[PDB]
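Structural description and commentary
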Amino acid sequence: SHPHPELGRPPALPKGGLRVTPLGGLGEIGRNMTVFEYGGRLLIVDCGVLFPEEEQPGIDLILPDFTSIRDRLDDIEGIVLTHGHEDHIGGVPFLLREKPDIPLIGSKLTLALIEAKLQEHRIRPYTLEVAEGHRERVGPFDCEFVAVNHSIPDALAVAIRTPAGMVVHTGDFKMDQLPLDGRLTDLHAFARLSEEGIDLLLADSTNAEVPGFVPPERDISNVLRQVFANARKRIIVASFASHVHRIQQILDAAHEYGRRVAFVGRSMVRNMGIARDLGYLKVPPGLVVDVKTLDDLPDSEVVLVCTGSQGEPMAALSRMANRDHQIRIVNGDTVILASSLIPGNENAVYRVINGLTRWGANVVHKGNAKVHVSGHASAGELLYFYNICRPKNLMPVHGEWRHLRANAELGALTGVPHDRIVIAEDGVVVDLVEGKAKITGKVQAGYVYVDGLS
RNA sequence: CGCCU
Ligand SMILES: [Zn+2]
Ligand SMILES: [Zn+2]
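Residues numbered from 1 in each chain as written, not as in the entry; some residues may be left out. Chains lettered and ligands numbered in written order. Heavy atoms only, no water. Residues with missing side-chain atoms left out of burial classes, pairs and counts.

- In its metadata, the entry names X-ray crystallography as the structure determination method and reports 2.800 Å as the resolution.

Below you can see the structure in the form of structure tokens.
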């Protein structure tokens, strides 16, 4: 039930067929990249990086292998960016380095983030900003964009129409029914699409092993308020620099309890800068201040929103825990790790927590408080979703093998036929011919290591 | 289940 060990190169793509090829995100979560082919032309959905398990000198980032598209960069009609996370957009500078006039298609915030990253590489891309509801033709690919709710604002699924049929790519999504910005995952859109006919659905598998439903983000507010209410000294909150809604809730609590907020960390400052700038983050006047002024403030009036929720040794939280930061942890400080614990980072995270605890901090985290909810649909949501989309072929994407198999089983339960559910690996080539999806070959899709110069 | 600088 896996791809055949020796799959040759794929045959010619039949006239009228579509060819889908995950170059990343399958078997190992990250460096997500999917290549769509129709009539010799290529559409790329996401191009991200993957963060290495260790691996110290000479290995900063891991990219998708561009081998199967490098000899045909001229065929690429565009790169669609479903949302602004690094394992979806982090690879773009290394792809554009090889052909800089490939157009980036994406939401406003998505584009602003990727443009910020590209600036550091001296690259200015051609872009096409889209919003939910926009429909646009990109070479042979007719792209309609659909709102999805998630850990970052402004994320899109995309429905791609060709004469091979309609392919829906969900990007990353969950289904919060009470999102901070009122922006729901557009089930109306999906239902309409489903009545037109969804021939191949590529769906987020990240949380498919998890039963039930993701608690709504707004529940976190309660916990934050409890923590804030009982915190007699400074509060330090760590989160991913892109989690705008999370941070929104931290400012909300800060305001409620008469505290001032300062952002610490390059990424955090940059991103909250962009989010605030474009209206995604709503900040009441007088709340946010420079970190330098925090010295002048009483402890009980101070909230630091900083960086390094995954124990990244160069980030704020870690250096604080290692007594190597301008900010010095003291007995009585409250630290909240308002984040996930990505598998593999347990050593680093726990080391940070132990350091913090050692210096006298009370540390709130997902292990002792409900201060984080997943960004991805659980088994419950996925069932809701499959019952609305009713895909005719299903490809689980974005997960380790256990995740994909889970997602596959859910699809099965909703009535997707087993022979129409295809589990792929990086480099496995799926052809949508005559409305059926079949594994037809595989291409080179190993790992590629980069130091910023590759 | 996405870094960080
Ligand atoms: Zn994401
Ligand atoms: Zn992702």
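Some details on the coordination of the zinc ion (ligand 1)
- Protein coordination at the zinc ion (ligand 1) comes from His 83 (NE2), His 85 (ND1) and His 150 (NE2), with a distance range of 2.6 to 2.8 Å.
- The coordination sphere of the zinc ion (ligand 1) comprises four donor atoms, whose angles at the metal cover 84 to 156°; the geometry is irregular.
- Read in sequence order, the donor residues for the zinc ion (ligand 1) give the motif H-x1-H-x64-H. (Donors = N, O, S within 2.8 Å, 3.2 Å for Na, K, Ca; no water. Tetrahedral: all angles 85-135°; square planar, octahedral: opposite > 155°, others 65-115°.)

Comments concerning the domain arrangement of chain A
- When cut into domains, chain A gives domain 1 (1-215 + 374-454) and domain 2 (216-373).
- If you average the C-alpha positions of domain 1 and of domain 2, the two centres end up 31 Å apart.
- Contacts between the two partners involve 21 residues from domain 1 and, on the opposite side, 18 residues from domain 2.
- For the domain 1 and domain 2 pair, buried surface summed over both sides reaches about 1,700 Å², with 63% attributable to carbon and sulfur atoms.
- For the domain 1 face of the interface with domain 2, the top three residues by lost area are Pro 153, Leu 180 and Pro 215, together amounting to 29%. (Domains from an automatic or database assignment. Contact = heavy atoms within 4.5 Å. Buried area = accessible area lost by both parts, 1.4 Å probe.)

Some details on the sheet that holds strand β13 (residues 235-238)
- Ordered by their spatial adjacency, five strands build an open sheet running β14-β15-β13-β16-β17, and the pairing between neighbours is parallel. The outermost strands of the open sheet, each flanked by one partner alone, are β14 (260-263) and β17 (362-365). With direction set aside, neighbouring strand axes in the sheet form an average angle of 20°.
- The pairing of β14 with strand β15 (residues 302-306) spans four bridges and is classified as parallel. Paired with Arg 260 across the bridge in β15 is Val 302. (Pairing = 2+ DSSP bridges. Helix = DSSP H or I, 4+ residues; strand = E, 2+ residues; numbered from the N terminus. Axes fitted to C-alpha atoms, helices over the stretch in contact; angles between N-to-C directions.)

Topic: the coordination of the zinc ion (ligand 2)
- Protein ligation of the zinc ion (ligand 2) involves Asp 87 (OD), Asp 172 (OD) and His 398 (NE2), the donor distances falling in the range 2.4 to 2.5 Å.
- Around the zinc ion (ligand 2) sit four donor atoms, and with donor-metal-donor angles ranging over 79 to 172° the site reads as irregular.
- Sequence positions of the donors to the zinc ion (ligand 2) reduce to the motif D-x84-D-x225-H.
- In this structure, the zinc ion (ligand 2) lies 3.6 Å away from the zinc ion (ligand 1). You can see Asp 87 sitting in helix α2 (residues 86-89) and its partner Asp 172 sitting in the loop between β11 (165-169) and α5 (187-196), a full 85 residues away along the chain.
- The exposure class of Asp 87 is buried, given its relative accessible area of 19%.
- Residue class for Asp 172 comes out buried when judged on its relative accessible area of 4%. (Buried < 20%, exposed > 50% of the residue type's maximum accessible area, 1.4 Å probe, protein only.)

Observations regarding the protein's contact with RNA strand B
- Inspection of the region around RNA strand B gives 31 residues, with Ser 267, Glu 312, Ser 374, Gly 375 and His 376 positioned closest.
- Within 4 Å of the protein, the contacting atoms of RNA strand B are 60% sugar and phosphate, with bases supplying the remainder.
- A distance of 2.9 Å is found between a phosphate oxygen of RNA strand B and a backbone nitrogen or oxygen belonging to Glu 86.
- Here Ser 374 contributes a side-chain N or O atom positioned 2.8 Å from a phosphate oxygen of RNA strand B.
- Counting only elements with at least two residues in the surface near RNA strand B, the list comes to α2, α8 (266-278) and α12 (401-413).
- Considered class by class, the residues forming the surface near RNA strand B number nine nonpolar, 15 polar and seven charged. (Near = heavy atom within 4 Å. Polar contact = N/O pair within 3.5 Å; in protein donor to acceptor, adjacent residues only side chain to side chain. Nonpolar A, V, L, I, M, F, W, Y, C, P; charged D, E, K, R; others polar.)

Some details on the nonpolar core
- If you look at the biggest cluster of nonpolar residues, it comprises 60 residues, and the most contacted ones within it are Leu 18, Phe 36, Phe 190, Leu 201 and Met 395.
- If you tally residues by element for this core, the top one is strand β10 (residues 155-162), at six residues.
- Apart from residues lying up to four places away in sequence, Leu 18 is in contact with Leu 13, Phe 36, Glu 37, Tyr 38, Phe 141, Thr 162, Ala 164, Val 167, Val 430, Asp 431 and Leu 432.
- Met 33, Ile 114, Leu 118 and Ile 152 belong to the second largest nonpolar core, which has 34 residues in total. (Core = buried A, V, L, I, M, F, W, Y, C linked by side-chain atoms within 4.5 Å.)

Observations concerning α5
- Those residues of α5 that sit buried are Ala 189, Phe 190, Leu 193 and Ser 194. For α5, the arc enclosing every buried residue in end-on projection is 135°, short of the 170-degree limit, so these residues lie on one face. For α5, exposure combined with an orientation more than 90 degrees from the buried face picks out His 188 and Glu 195.
- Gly 197 lies just past α5 and shows a positive phi near 115°. (Arc of directions from axis to C-beta.)

Observations regarding the side chain of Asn 407
- Looking at where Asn 407 falls in the secondary structure, it is placed in helix α12.
- Accessibility expressed as a relative area gives 0% for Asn 407, which makes it buried.
- Those residues in contact with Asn 407 that lie beyond four places of it in its chain are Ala 203, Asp 204, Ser 205, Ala 208, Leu 382, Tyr 386, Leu 394 and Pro 396.

With respect to the UniProt feature "binding site: Zn(2+) 2" (unreviewed entry) in chain A
- Those places that UniProt annotates as "binding site: Zn(2+) 2" (unreviewed entry) correspond, in this numbering, to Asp 87, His 88, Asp 172 and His 398. Annotated residues spanning 312 residues; largest pairwise C-alpha distance 10.9 Å, indicating a single compact cluster.
- For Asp 172, the residues in contact, after removing those within four places along its chain, are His 83, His 88, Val 148, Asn 149, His 150, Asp 204, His 376 and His 398.
- Within the structure, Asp 172 has its side chain in polar contact with the side chain of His 376 (distance 3.5 Å). (UniProt positions renumbered as here; feature names shortened; annotations may be inferred.)

As for unusual backbone geometry
- Note that the residue after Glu 54, namely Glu 55, is joined by a cis bond; omega there is -25°.
- With respect to the helices, strands and loops of the structure, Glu 55 is situated in the loop between β3 (41-47) and β4 (61-64).
- Of note in this structure, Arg 390 is not a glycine but carries a positive phi near 45°.
- Relative to the assigned elements, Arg 390 resides in the loop between α11 (379-389) and β18 (394-397).

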